[PDB]
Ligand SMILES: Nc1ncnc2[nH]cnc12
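Shown below, as structure tokens, is a lone chain in the form solved without this ligand; questions about how it binds or moves come after it.
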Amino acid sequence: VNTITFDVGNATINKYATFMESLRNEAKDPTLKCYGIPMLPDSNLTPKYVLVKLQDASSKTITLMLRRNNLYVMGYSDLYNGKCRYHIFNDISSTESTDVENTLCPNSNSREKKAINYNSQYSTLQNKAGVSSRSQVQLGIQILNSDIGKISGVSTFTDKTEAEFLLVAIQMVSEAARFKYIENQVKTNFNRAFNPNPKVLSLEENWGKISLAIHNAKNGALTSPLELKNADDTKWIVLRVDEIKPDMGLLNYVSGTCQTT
């Protein structure tokens, strides 16, 4: 499995763009695409995982482990007192957990467990972070930088600190890779903190449905319209692929042929 590094501490818009390109190119199936939009592979294609190393301004790092087929974060590692400290979500199988141990921390004599004792659903992360919605958790480059430093190499930290980091990282890494719209929210706000708008949230919550609709669309027309939210919280009834393609970075895996095109 490959490691993609993003230097948060020294980030620029172009470095972030390159990071997004690199992550999409690593994770996508080598061939699958619909309407020109690359698709993630099935759950069998190897490597099954991608590592994303995030570096803060003090050169400390956290490495996220992502499932390639859906870009979900499985866990993360940090260097702690010389040890590879692995933090695994509580919602993956025993066989995947073995893979997370060995992929984050291949040397079995130099590693240490520090579990994430909760699941990776946004509702859970929000609860641990003390928010009723992740619209209340600002995103941003400086925030990500700061949050890395609250964890990496740190003996103890609260669940709220951890869940804030996870909310920010999951969105700025995996959601941004899935959605050019989210990448572009980060870029438009690159020098400052921002709150995820209704369209960010709607896209995040509907990636599966959107991916299916694009895969199934015939001559650019969705078989069944898909109702999302615009950034001003008005309904967005999507009728055609060209209305939503600009916001897409990656499609969720959907079996069978589509217009590639």
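Residue positions are given as counts along the sequence shown, with the first one as 1.
Higher mean CA temperature factor, per the PDB entry, when comparing 171 to 179 with 68 to 76: 68 to 76. For the pair 158 to 166 and 107 to 115, the mean B factor over Cα atoms is greater in 107 to 115. Residue-level inspection of the entry shows that, of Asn184, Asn90, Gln126, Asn191, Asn191 has the top Cα B-factor. For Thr95, the recorded CA temperature factor ranks within the highest third of the chain's modelled residues. Among the modelled residues of its chain, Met20 has a C-alpha B-factor that falls in the middle third according to the deposited record. Sort the modelled residues of the chain by CA B factor and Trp207 lands in the lowest third. Residue-level temperature factors show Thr63 in the lowest third of its chain, judged at the C-alpha atom. When all modelled residues of the chain are sorted by CA temperature factor, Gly153 is found within the lowest third.
Missing here is the form deposited with this ligand bound; even so, the following discussion is about that form.
Proximity to this ligand in the entry with it bound, defined as a heavy atom within 4.5 Å, holds among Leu139, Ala129, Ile151, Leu71 only for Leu71. Between this ligand and the residues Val100, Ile170, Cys84, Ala163, the one pair within 4.5 Å by heavy atoms in the entry with it bound involves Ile170.
Exactly one of the stretches 154 to 162, 100 to 108, 118 to 126, 183 to 191 approaches this ligand in the entry with it bound with heavy atoms within 4.5 Å, and it is 118 to 126.
In the entry with it bound, this ligand lies farther than 4.5 Å from every heavy atom of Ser77. In the entry with it bound, this ligand stays beyond 4.5 Å of every heavy atom belonging to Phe179. This ligand in the entry with it bound comes within 4.5 Å of a heavy atom belonging to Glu175. Contacts with this ligand in the entry with it bound, taken as any heavy atom within 4.5 Å, map within 80 to 103 to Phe89 alone.
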